[PDB]
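Enquirer: Just dropping in an experimental structure and the matching sequence.
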Amino acid sequence: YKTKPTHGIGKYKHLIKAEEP
Amino acid sequence: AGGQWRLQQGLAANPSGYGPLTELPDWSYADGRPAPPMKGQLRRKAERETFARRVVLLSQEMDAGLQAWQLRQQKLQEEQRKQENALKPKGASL
Amino acid sequence: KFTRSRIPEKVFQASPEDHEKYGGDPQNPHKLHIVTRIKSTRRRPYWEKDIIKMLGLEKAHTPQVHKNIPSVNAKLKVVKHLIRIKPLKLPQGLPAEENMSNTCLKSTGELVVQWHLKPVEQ
Amino acid sequence: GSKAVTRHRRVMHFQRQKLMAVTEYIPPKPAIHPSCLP
Amino acid sequence: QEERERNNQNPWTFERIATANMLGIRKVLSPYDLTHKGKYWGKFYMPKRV
Amino acid sequence: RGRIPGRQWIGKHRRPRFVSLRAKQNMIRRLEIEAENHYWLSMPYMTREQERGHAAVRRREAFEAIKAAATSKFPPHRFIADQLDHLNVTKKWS
RNA sequence: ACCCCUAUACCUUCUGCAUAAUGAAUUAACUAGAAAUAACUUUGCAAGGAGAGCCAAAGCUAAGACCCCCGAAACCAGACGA
RNA sequence: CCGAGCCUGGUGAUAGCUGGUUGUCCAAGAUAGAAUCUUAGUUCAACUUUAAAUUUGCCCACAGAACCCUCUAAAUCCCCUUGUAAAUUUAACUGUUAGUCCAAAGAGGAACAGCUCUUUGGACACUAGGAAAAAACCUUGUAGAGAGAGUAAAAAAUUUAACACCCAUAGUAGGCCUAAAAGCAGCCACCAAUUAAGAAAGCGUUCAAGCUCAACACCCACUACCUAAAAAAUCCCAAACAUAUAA
RNA sequence: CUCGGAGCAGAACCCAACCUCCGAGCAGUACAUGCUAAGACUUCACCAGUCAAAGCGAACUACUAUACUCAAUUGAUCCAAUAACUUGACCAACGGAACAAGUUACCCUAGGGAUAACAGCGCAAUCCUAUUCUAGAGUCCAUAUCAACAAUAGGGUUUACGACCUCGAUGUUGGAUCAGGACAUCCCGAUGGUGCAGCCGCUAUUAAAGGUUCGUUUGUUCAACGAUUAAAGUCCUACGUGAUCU
Ligand SMILES: [K+]
Ligand SMILES: [K+]
Ligand SMILES: [K+]
Ligand SMILES: [K+]
Ligand SMILES: [K+]
Ligand SMILES: [K+]
Ligand SMILES: [K+]
Ligand SMILES: [K+]
Ligand SMILES: [K+]
Ligand SMILES: [K+]
Ligand SMILES: [K+]
Ligand SMILES: [K+]
Ligand SMILES: [K+]
Ligand SMILES: [Mg+2]
Ligand SMILES: [Mg+2]
Ligand SMILES: [Mg+2]
Ligand SMILES: [Mg+2]
Ligand SMILES: [Mg+2]
Ligand SMILES: [Mg+2]
Ligand SMILES: [Mg+2]
Ligand SMILES: [Mg+2]
Ligand SMILES: [Mg+2]
Ligand SMILES: [Mg+2]
Ligand SMILES: [Mg+2]
Ligand SMILES: [Mg+2]
Ligand SMILES: [Mg+2]
Ligand SMILES: [Mg+2]
Ligand SMILES: [Mg+2]
Ligand SMILES: [Mg+2]
Ligand SMILES: [Mg+2]
Ligand SMILES: [Mg+2]
Ligand SMILES: [Mg+2]
Ligand SMILES: [Mg+2]
Ligand SMILES: [Mg+2]
Ligand SMILES: [Mg+2]
Ligand SMILES: [Mg+2]
Ligand SMILES: [Mg+2]
Ligand SMILES: [Mg+2]
Ligand SMILES: [Mg+2]
Ligand SMILES: [Mg+2]
Ligand SMILES: [Mg+2]
Ligand SMILES: [Mg+2]
Ligand SMILES: [Mg+2]
Ligand SMILES: [Mg+2]
Ligand SMILES: [Mg+2]
Ligand SMILES: [Mg+2]
Ligand SMILES: [Mg+2]
Ligand SMILES: [Mg+2]
Ligand SMILES: [Mg+2]
Ligand SMILES: [Mg+2]
Ligand SMILES: [Mg+2]
Ligand SMILES: [Mg+2]
Ligand SMILES: [Mg+2]
Ligand SMILES: [Mg+2]
Ligand SMILES: [Mg+2]
Ligand SMILES: [Mg+2]
Ligand SMILES: [Mg+2]
Ligand SMILES: [Mg+2]
Ligand SMILES: [Mg+2]
Ligand SMILES: [Mg+2]
Ligand SMILES: [Mg+2]
Ligand SMILES: [Mg+2]
Ligand SMILES: [Mg+2]
Ligand SMILES: [Mg+2]
Ligand SMILES: [Mg+2]
Ligand SMILES: [Mg+2]
Ligand SMILES: [Mg+2]
Ligand SMILES: [Mg+2]
Ligand SMILES: [Mg+2]
Ligand SMILES: [Mg+2]
Ligand SMILES: [Mg+2]
Ligand SMILES: [Mg+2]
Ligand SMILES: [Mg+2]
Ligand SMILES: [Mg+2]
Ligand SMILES: [Mg+2]
Ligand SMILES: [Mg+2]
Ligand SMILES: [Mg+2]
Ligand SMILES: [Mg+2]
Ligand SMILES: [Mg+2]
Ligand SMILES: [Mg+2]
Ligand SMILES: [Mg+2]
């Protein structure tokens, strides 16, 4: 959740090279 | 007028509030026999008594609650000590 | 949109200067409140109207005593703009069974256990 | 009514208007004017 | 501007009253007023507000 | 010659309203009261852990009275005397 | 009595009517809430109730208690009229 | 009185439309939507009312509720405690379902509307005081009598543009360009005489002259370096006041 | 005009506009997409729709195998077809009436200011004016005069917008008659500047006491034209005034 300290724990696309043809 | 000044003297802001001007009996019999209490003063007397009892009831609940919490903390401390005792260690240390 | 207001906890942290101004003692907090409603619940959101009823502040300028505990204070923080909060003072201690009927709450917040309606001889 | 952002200075609510007047900046006033001291 | 806020002799400020919901003032204020602190009104900026 | 278009206190063009000297004083007076309320809410007598359960017994008993009154509803008793006393409407002197 | 102070007729209709929206000169008389289905309440009797039919896994029988007025342009039938 | 006569009858035609709807008193009471030849209406929800059953309702401590994505929003949901007294269920129904302004987050229009459409909240369609009159802003609600009292909101502030004085020779009309360019059309340099004066800052001359500024001298000009107006159509619009202790 | 995704609606749910965008009225693979049954969700009602443990029967000891992949991929009742199983509408006005279009200025009735034309009111996009700015024009010269790109105010005369009062009626052009007022002054008065010699002009300040023509055509307001005049002003007054008239 946004207000919880665990916000953004599931983010993964910032670890992946952007492949947007 | 003068409501703030009365507050600074510890009196009621409205002169019709608590004080001799209001709570004292308005009249008495000529021979000296006191008059029955006014119905307004009886209402205030009962209302003040309920407020006084509510103050005592709230104070006693907090005092009892603080003792109960303190009793639980003392009990929790004692439980840790008992679990320390066990069988004597053996093996490498002997 | 107009919603409920979250008051930061920094608002309710008394500085040393505040203690001197109001005379309170942080190490000996007052046991009870004296809550009096001085503002109307009209033109205020319904959740403020409900809390006023819960605190027994339906009639304005009628003192009501509440315990100084976090749960009660939480309700007070919602309607703190509609009420006057004063600490209850006991110069002669709590009323006893003998002097229950001789109590009076003065405008200074002091509950006196004796009320003789006579001038002081001093 | 008007939106939050307007070309003209939108008329404030009276409750807000009294708040602005109360919270105006008050510069410190020295007891003696500096030009009157050496 | 920082000096003006420091030596401001007014005991009441827009930031203090708005953030604390004093007088229930947020019923007439905007949620943006918590961060604008009374210095902004619509598209207008008021440098004299502290 | 000076007229406000439309209604005075609503619309894009409104009649200007100005804060008088006493209007500011009244707001400051209420601000001081609320500032003192902030101080007295900063010193709770007990913590949340200590407060817990200190009044559960009274609250439960208070609701049991509400349940008892709610489930005590029933038609009132009917008495023979009430029905027979209606014959007195034709009571006459001998 | 007036002079002083206070006070923007009523009904209807509306988000909202002193409204320059509606109706009303006034008096007297006349002029507008009809009932089943269950349910509720109060009696009777009771695994039965009811003066053939009907209902019934506490029901059944009886009573009390709820449902307006005026107005079209029309349609049809049969007469009467150059 | 014929887009098809008149009279009688069917006929008390029908009308989601308009108007009207008769004694006294008290109490509760303003309500998301969905469907509809439906948005001038209805039915079901929702809200409201009555009776009844029995049990939690409201306010809420931690812990907890998403990645993708630019506003890392105000908040909400959940929720014991606590403060409170309501809530759900069962039985029986009606009415409301044509909405106004204010504050706030937005959308449409023109960052127009007393505009239009949603959301959060308030008020109005109920009382009283105040903002002049005043449905929507402010204060305040539970009802009676009094020729008592304390208060709440509650009155508009402001008035602005002076300014230096004095003095000026010279390498040289710098070079180049140019019909001509001489401090002042362009380009390059921007060195030097005199105690003091830029190979020229603003004017001017066809080019030159001519008038100033930056120099010296004199000498305490011993400067502010924050700004700006007005016009409508019946007749201005309370009268007035800068002075006696903030109530 | 029904259905689905995204924004508006940032975080439980919900949430509109003739709001901003993209789509759907299928296709493909299975043939246990067999039967049955706890507890739940639900598009703010209902109808409808959705997920499901266990169990029966299968499959299976390789098969992210057990209510297919997929977002929507769709239609109630009656009725009709059929031995049965089961099927049938772009009923798309998509909660669907079994099957019915125009026209009325020849019109009628019931209502509605809940809703348009008229005027008022709101608003000022449009229109009008002033000022600020100093590019440009005016031989030189920004400010005699004129003025771009922009800025800040004001006016409520135009065209629009809104739908607030009136539809148990607030009577429309233009003219006649009588005019009331504003000044943003056409003429007459008093002044400043000029690229003001004089005579005529241009521009600005001030001034609303007084005045502001007669005709041909056109229903005209206008406009064109003739002859004049010190001048033939701009606007408001329910587009002044029809219980005064046309
Ligand atoms: K207005
Ligand atoms: K009427
Ligand atoms: K009507
Ligand atoms: K009117
Ligand atoms: K009206
Ligand atoms: K009328
Ligand atoms: K209808
Ligand atoms: K030159
Ligand atoms: K349809
Ligand atoms: K408009
Ligand atoms: K009309
Ligand atoms: K004139
Ligand atoms: K003609
Ligand atoms: Mg808004
Ligand atoms: Mg008005
Ligand atoms: Mg009067
Ligand atoms: Mg209306
Ligand atoms: Mg009125
Ligand atoms: Mg009249
Ligand atoms: Mg009338
Ligand atoms: Mg009408
Ligand atoms: Mg009559
Ligand atoms: Mg009846
Ligand atoms: Mg009946
Ligand atoms: Mg009639
Ligand atoms: Mg027929
Ligand atoms: Mg016939
Ligand atoms: Mg004949
Ligand atoms: Mg005839
Ligand atoms: Mg009828
Ligand atoms: Mg009909
Ligand atoms: Mg009531
Ligand atoms: Mg249909
Ligand atoms: Mg409807
Ligand atoms: Mg809740
Ligand atoms: Mg709970
Ligand atoms: Mg019903
Ligand atoms: Mg509106
Ligand atoms: Mg609302
Ligand atoms: Mg209504
Ligand atoms: Mg008044
Ligand atoms: Mg009262
Ligand atoms: Mg030289
Ligand atoms: Mg040269
Ligand atoms: Mg030259
Ligand atoms: Mg140079
Ligand atoms: Mg020279
Ligand atoms: Mg010089
Ligand atoms: Mg006057
Ligand atoms: Mg007066
Ligand atoms: Mg969302
Ligand atoms: Mg919701
Ligand atoms: Mg549901
Ligand atoms: Mg299974
Ligand atoms: Mg439909
Ligand atoms: Mg549907
Ligand atoms: Mg049908
Ligand atoms: Mg014809
Ligand atoms: Mg006809
Ligand atoms: Mg008609
Ligand atoms: Mg209207
Ligand atoms: Mg409407
Ligand atoms: Mg008309
Ligand atoms: Mg119009
Ligand atoms: Mg009108
Ligand atoms: Mg304007
Ligand atoms: Mg030029
Ligand atoms: Mg010049
Ligand atoms: Mg402009
Ligand atoms: Mg007009
Ligand atoms: Mg509307
Ligand atoms: Mg009439
Ligand atoms: Mg005329
Ligand atoms: Mg005239
Ligand atoms: Mg003038
Ligand atoms: Mg003038
Ligand atoms: Mg003259
Ligand atoms: Mg001259
Ligand atoms: Mg006219
Ligand atoms: Mg007339
Ligand atoms: Mg006419």
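Expert: Ah, there it is. Numbering: from 1, shown residues only, chains lettered A, B, ... in the order given. Ligands and ions are numbered 1, 2, ... in the order given.

Enquirer: Now chain C against chain D: closest residue?
Expert: Nearest residue of chain C to chain D: residue C:43, at 10.0 Å (CB to the nearest CB). All C-beta spots, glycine's among them, are computed from the backbone N, C-alpha and C.

Enquirer: okay, now that residue: neighbour count?
Expert: 9 (other CB atoms under 10 Å in any protein chain shown).

Enquirer: now residue F:20
Expert: The number of residues packed near residue F:20 is 11, by other CB under 10 Å.

Enquirer: Same check on residue C:91?
Expert: 10.

Enquirer: Need the three-state assignment for the residue of chain C closest to chain D.
Expert: Using DSSP: H, G, I helix; E, B strand; the rest coil, the structure places residue C:43 in coil.

Enquirer: who touches whatever residue of chain F ends up closest to ligand 1 in this structure?
Expert: Residue nearest to ligand 1 within chain F (CB to the ion): residue F:11, separated by 2.7 Å. By CB atoms under 8 Å, 6 or more residues apart in numbering or on different chains, the residues touching residue F:11 are D:1, F:5.

Enquirer: wait, does stretch B:39-53 make contact with chain F?
Expert: No - counting by CB under 8 Å from any CB of the partner chain, no contacts exist between stretch B:39-53 and chain F, the nearest distance being 13.5 Å.

Enquirer: what about that stretch, near chain C?
Expert: Yes - judged by CB under 8 Å from any CB, stretch B:39-53 and chain C are in contact via B:45, B:48-49, B:51-53.

Enquirer: any idea whether residue C:111 is helix, strand or coil?
Expert: strand.

Enquirer: Isn't it up against residue B:55?
Expert: Yes - in this structure, residue C:111 is within contact of residue B:55 by CB atoms under 8 Å, at 6.5 Å.

Enquirer: Overlap in contacts, these two.
Expert: Common contacts of residue C:111 and residue B:55 (CB under 8 Å, 6+ apart): C:88, C:95.

Enquirer: those helices in chain E, which residues are they?
Expert: E:2-6, E:14-19, E:33-36 (DSSP state H).

Enquirer: Over to chain A?
Expert: Assigned by DSSP H, chain A shows no helices.

Enquirer: Which single residue of it approaches RNA strand I most closely?
Expert: residue A:2 (3.5 Å; CB to the nearest atom of the strand).

Enquirer: Over to chain D?
Expert: Nearest residue of chain D to RNA strand I (CB to the nearest atom of the strand) works out as residue D:8 at 6.8 Å.

Enquirer: How about chain B?
Expert: Distance from RNA strand I to each residue of chain B (CB to the nearest atom of the strand) is smallest for residue B:65, at 34.4 Å.

Enquirer: ditto for chain F
Expert: Closest contact between chain F and RNA strand I, by CB to the nearest atom of the strand, is at residue F:5 (3.2 Å).

Enquirer: What residues does that residue make contact with?
Expert: Taking CB under 8 Å, 6+ apart, one finds F:11, F:13 in contact with residue F:5.

Enquirer: rewinding a little: state the three-state secondary structure for the residue of chain D closest to RNA strand I.
Expert: coil.

Enquirer: Need the nearest residue in space to residue C:62, chain neighbours excluded.
Expert: Once flanking residues are discounted, residue C:62 sits nearest to residue C:36: 6.9 Å by CB to CB, 6 or more residues apart in numbering or on different chains.

Enquirer: The one you found contacts residue C:79, doesn't it?
Expert: No - the criterion here is CB under 8 Å, and residue C:36 misses it with residue C:79 at 11.8 Å.

Enquirer: the more surrounded of the two?
Expert: Each of residue C:36 and residue C:79 has its neighbours counted (other CB under 10 Å); residue C:79 has more, 24 against 15.

Enquirer: So which residues on chain C come close to RNA strand H?
Expert: Applying CB under 7 Å from any atom of the strand, one finds that chain C approaches RNA strand H through C:1-6, C:38-47, C:49-51, C:53-56, C:59-61, C:66-67, C:69-72, C:74-75, C:78.
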